[PDB]
> 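Sharing a structure with you now.
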Amino acid sequence: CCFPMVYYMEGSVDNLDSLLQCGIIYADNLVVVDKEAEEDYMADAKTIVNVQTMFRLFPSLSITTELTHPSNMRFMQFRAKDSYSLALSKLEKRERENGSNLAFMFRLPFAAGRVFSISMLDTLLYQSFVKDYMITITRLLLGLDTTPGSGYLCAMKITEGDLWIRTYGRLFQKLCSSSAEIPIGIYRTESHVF
Amino acid sequence: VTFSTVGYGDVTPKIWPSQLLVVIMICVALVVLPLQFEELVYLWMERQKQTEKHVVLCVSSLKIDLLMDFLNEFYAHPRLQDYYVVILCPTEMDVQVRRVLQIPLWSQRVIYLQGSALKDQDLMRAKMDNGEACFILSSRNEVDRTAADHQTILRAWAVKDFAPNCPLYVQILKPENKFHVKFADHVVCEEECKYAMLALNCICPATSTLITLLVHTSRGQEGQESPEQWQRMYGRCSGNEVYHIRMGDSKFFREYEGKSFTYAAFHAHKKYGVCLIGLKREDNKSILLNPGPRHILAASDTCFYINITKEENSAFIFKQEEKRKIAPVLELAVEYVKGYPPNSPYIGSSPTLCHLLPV
Amino acid sequence: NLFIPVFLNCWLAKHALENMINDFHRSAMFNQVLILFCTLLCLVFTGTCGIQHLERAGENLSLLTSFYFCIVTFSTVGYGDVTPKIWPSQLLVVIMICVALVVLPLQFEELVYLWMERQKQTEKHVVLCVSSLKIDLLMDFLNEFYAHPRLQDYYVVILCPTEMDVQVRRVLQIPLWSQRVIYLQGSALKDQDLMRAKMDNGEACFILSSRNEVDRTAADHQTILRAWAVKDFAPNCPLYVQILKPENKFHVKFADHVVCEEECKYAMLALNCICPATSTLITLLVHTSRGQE
Amino acid sequence: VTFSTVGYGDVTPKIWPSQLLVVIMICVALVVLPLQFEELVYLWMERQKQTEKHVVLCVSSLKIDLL
Ligand SMILES: [K+]
Ligand SMILES: [K+]
């Protein structure tokens, strides 16, 4: 009740009437955390299809979802008549052939942040047997634990006024000389007309 | 040679009483031995219903996707290759789980025990008192997550009661139940991390993807044969992980003793491509992400950096360094109120200073 | 020039082979079978050397003769043309028989354990993906599919997560359908189960909704997922999807052939009200028959 | 009497190539027949799952009290 502009409403992602009442025409993000089988991978069947319906009704809307199984991440935004996304299946099979644990990695929705799986937290716990700091680092980045004097994860847009900084190293130099911020990485976007 | 049915015949009964004795003894053998055999079969039927440095994995139901995730991550490390895994699960072994265990790679490494952490006998069979670590993982398929969290709290208590000096790695579903297993060495609350990452994705796009790749052990070899330039870079950069090293022992950062944190971070990246993201002073136990320019580095600090390879495991690039053998960063440095949310919903909720409504 | 039983050293070579099997294959039960042959070889080879050397004092058996003597012994044939003629040779046969009867069964039980836990083609096939396969659905497909002479060289792979039905099992045991129908327990959503089905080589894939399921939206979601999984794995495989609810029909529009059950059911029922027995007319037309009834 | 393991011995191979042939013939017998036996076991396992004037009793579930 103390937070500004936090509202609630009754409905679901499968009810288009409720979604239009929420303001989905004016929504930057639509986060779906909906929870709903004997065959294991079918547990996400309702969430995948419901999200797919909105992907077709609102193609420009940004939908972020959580899936039980990383194998189901290929079904986030499914273009069956798309040779590129169908070729990604061959790439992921090759990576699975070489024994890579990150085979879902090259799926477009995961790479764009549209999907993540909760099985990753399992890997975080197993990693903690070797990296006792890993849980603490993750929560510090997520802001889950707040230590006085510890930084927070943010993002900066590189607009056309900042292209005179040609490379990522020069951006590291400029940030560390003015605001003392440390770049973790880049979120890159390319033109990929489908 | 008679009861083995070989019957060489070099020595034979040459008189009728001896021949008859062989006949009756053969008949006695064929009517007495089978009765022993059937009793043995009866015992065998009902009977059907290692090394050092092992790890116990306590679950309520083990499915293939959970097992392989553990197996891929656990054995991705060369240090943990001599380790074997005990699975303590009350349920009967899954058919899909059985097939993977039959694989010769996992046949000798994985033992499946049907039992409960709440029975000390099943903890003795798991050798929990000698286990290097115990992993208590909540079941997320269960429709009642409060009930599942209660079972993992009980399992964590049972393991702590039986084997106090065994590091507990607990996976908790609901944040309200997280302070009951605070004693555990490492606790992961699923609901906290899930919703904080989903919220960060709304602020910083693909934060969940960034975190996912970092917490996954990889060598950065994915998509290296890809014709696409973005796939080669993306698969390469996914090999980054977070490592810690004492600064004095660190060839990355030892030259920056007495320099500011941001100075070392920029220059170690410019020189080696490593991202100094945080440090832990020797005085405190708290890890600080980007302490800032006023922070002055010291040899006793533990440096946390992002890099493709561990510094010790990067002994090649230092030898590869020997194969070769903008303002500058300085060495030395209605309106809303700002306050804490009054009613914390649960215990353990870290207080974050937030934009708050005046009323 | 002293006698040393080097032949017993062959047993240790078998042990050195057992620890080999733990690390590299060169086939899970094949290794134990190979081990069983090894201990059989050691059993025979010890028998030949023991009998040949112990008979060196009496009757002076050759190695070839003792090998034949040993083989007919452990096979319990016992011809008796060659027998141990001295007590230490007779005793060695006794202990070798006893050793055989106490070593071989242990290998047999390890074989039995592996066999128990193990218990739990041509070209131009088609895959049939269902959630539960019943005899009515299977025979309808089999009657229609093999009513054509062109598709007689085809075999059918059934990819079904459920365990094979008892009624379905009996029909598959029939020699007509034994060689034509393979039943695979697996999911279209697991690429491994799609590799076992050879979907990348299948002539066609039939994804059929489950109408017995009380939740038809859930069933339609599963078939949409199955159709996507097959399209993702094998893009150049014609999909034949059976959809229950019309609202879910545009999610599988990419499929080559889609049948919506609710549309056709209610349009035919409505036409029966306009044109009597339109459902009967359509039914006979879509059934392959020679008009001999 | 050989393949039945009786081995009377009244007629036995008296030269080496026959003794070898009997040895190899026993070996092929012990490696070919079990494969047929195993196939017989599989068929038997999957197989496991009168007069005049009879009467049929059709029920949905038969219990001992009704029978
Ligand atoms: K790495
Ligand atoms: K990584």
Side-chain angles (χ1 to χ4, degrees), chain B residues 1-30 33, chain C residues 2-11 14 39-58 60-105, chain D residues 1-30:
Chain B
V1 307
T2 289
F3 293 132
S4 60
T5 73
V6 175
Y8 272 121
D10 57 352
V11 172
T12 36
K14 303 179 172 65
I15 37 159
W16 78 265
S18 283
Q19 298 179 332
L20 188 64
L21 174 278
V22 175
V23 160
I24 73 98
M25 192 70 10
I26 304 157
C27 298
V28 158
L30 270 167
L33 274 173
Chain C
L2 175 101
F3 167 63
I4 293 109
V6 159
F7 46 91
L8 310 169
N9 186 340
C10 55
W11 285 97
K14 162 196 161 186
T39 189
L40 271 206
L41 261 200
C42 303
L43 254 205
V44 152
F45 161 100
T46 294
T48 73
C49 305
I51 286 327
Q52 197 281 340
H53 182 267
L54 286 177
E55 279 266 279
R56 262 182 40 103
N60 264 252
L61 282 184
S62 88
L63 181 62
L64 185 299
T65 302
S66 44
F67 173 51
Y68 154 82
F69 165 81
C70 171
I71 273 297
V72 308
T73 296
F74 289 125
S75 61
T76 74
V77 174
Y79 277 122
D81 59 353
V82 174
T83 80
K85 304 179 172 65
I86 53 182
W87 76 267
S89 283
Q90 297 180 332
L91 188 64
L92 175 279
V93 177
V94 160
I95 87 166
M96 272 278 107
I97 277 178
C98 298
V99 152
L101 277 177
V102 305
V103 152
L104 273 174
Chain D
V1 309
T2 288
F3 295 127
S4 60
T5 74
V6 174
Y8 273 126
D10 58 352
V11 49
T12 168
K14 336 191 46 163
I15 62 66
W16 74 267
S18 281
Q19 296 180 332
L20 194 58
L21 175 280
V22 175
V23 158
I24 70 145
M25 255 299 118
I26 297 158
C27 295
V28 47
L30 271 167

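Throughout, a chain's letter reflects where its sequence line sits, starting with A, and its residues are numbered from 1.
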> Minimum heavy-atom separation for D/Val1 to D/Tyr8, with atom names?
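Closest approach of D/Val1 to D/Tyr8, heavy atoms only: CG1-CD1, 4.0 Å.
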
> Using every non-hydrogen atom in the two residues, find where C/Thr76 and B/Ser4 come nearest and quote the distance to one decimal.
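Smallest interatomic distance, heavy atoms only, reads CG2-O, 3.7 Å.
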
> Any donor and acceptor pair, going by atom type alone, linking the side chain of C/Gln52 with main-chain N or O of C/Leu61 inside 3.5 Å?
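Checked: pair present.
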
> Quick check: do C/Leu43 and C/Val99 have side-chain heavy atoms less than 4.5 Å from each other?
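Side-chain contact under 4.5 Å: yes.
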
> Between B/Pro13 and B/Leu21, is any pair of side-chain heavy atoms under 4.5 Å apart?
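B/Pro13 vs B/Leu21: side chains apart.
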
> To the nearest 0.5 Å, what is the distance between CG (C/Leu101) and CE (C/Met96)?
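It is 11.5 Å, given to the nearest 0.5 Å.
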
> Can you name the closest pair of heavy atoms from C/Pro88 and C/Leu54 and give their distance?
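The pair with the smallest heavy-atom distance is O-CD1, 3.6 Å.
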
> Measuring from C/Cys10:SG to C/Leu41:CG, what's the distance to the nearest 0.5 Å?
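CG of C/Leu41 is found 9.0 Å from SG of C/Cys10.
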
> Set out, in order, the CA-CA distance, both residues' side-chain angles and the distance that settles side chain to side chain contact (heavy atoms under 4.5 Å, CB included) for C/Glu55 and C/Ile86, then state yes or no.
CA-CA 8 Å; C/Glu55 279 266 279; C/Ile86 53 182; 3.9 Å; yes

> Report the C-alpha separation of C/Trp11 and C/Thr39 in whole Å, then their side-chain angles, then the decisive distance to 0.1 Å, and conclude whether the side chain to side chain contact (heavy atoms under 4.5 Å, CB included) test is met.
CA-CA 7 Å; C/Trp11 285 97; C/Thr39 189; 3.4 Å; yes

> Does the ring center of C/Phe74 lie less than 6.0 Å from the ring center of C/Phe69?
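No, the ring of C/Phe74 stays outside the 6.0 Å limit from the ring of C/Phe69, centre to centre.
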
> Rounded to the nearest 0.5 Å, what separation is found between the OG atom of C/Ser89 and the NZ atom of C/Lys85?
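Reported to 0.5 Å precision, the distance equals 9.5 Å.
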
> Report the distance from atom SG of C/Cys42 to atom CG of C/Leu8, rounding to the nearest 0.5 Å.
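With rounding to 0.5 Å, SG (C/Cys42) is 10.0 Å from CG (C/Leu8).
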
> Within the structure provided, determine whether C/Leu40 and C/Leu104 are in side-chain contact (heavy-atom separation under 4.5 Å).
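Side-chain contact under 4.5 Å: yes.
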
> Do C/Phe67 and C/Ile51 have side-chain heavy atoms sitting under 4.5 Å apart?
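Of all side-chain heavy-atom pairs linking C/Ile51 with C/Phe67, none is under 4.5 Å.
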
> Please evaluate residues D/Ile26 and C/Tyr68 with respect to the criterion side chain to side chain contact (heavy atoms under 4.5 Å, CB included), reporting the C-alpha separation (whole Å), side-chain torsions for both, the decisive distance (0.1 Å), and the verdict.
CA-CA 11 Å; D/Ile26 297 158; C/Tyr68 154 82; over 6 Å; no

> Kindly give the heavy-atom pair with the smallest separation between D/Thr12 and D/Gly9, and that separation in Å.
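Closest approach of D/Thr12 to D/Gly9, heavy atoms only: CG2-O, 4.1 Å.
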
> Can you tell me how far CD1 of C/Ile71 sits from OG1 of C/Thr48, rounded to the nearest 0.5 angstrom?
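That separation rounds to 9.5 Å.
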
> Nearest 0.5 angstrom please: C/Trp87 CH2 to C/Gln90 CD, how far?
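The CD atom of C/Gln90 is 10.5 Å from CH2 of C/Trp87, to the nearest 0.5 Å.
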
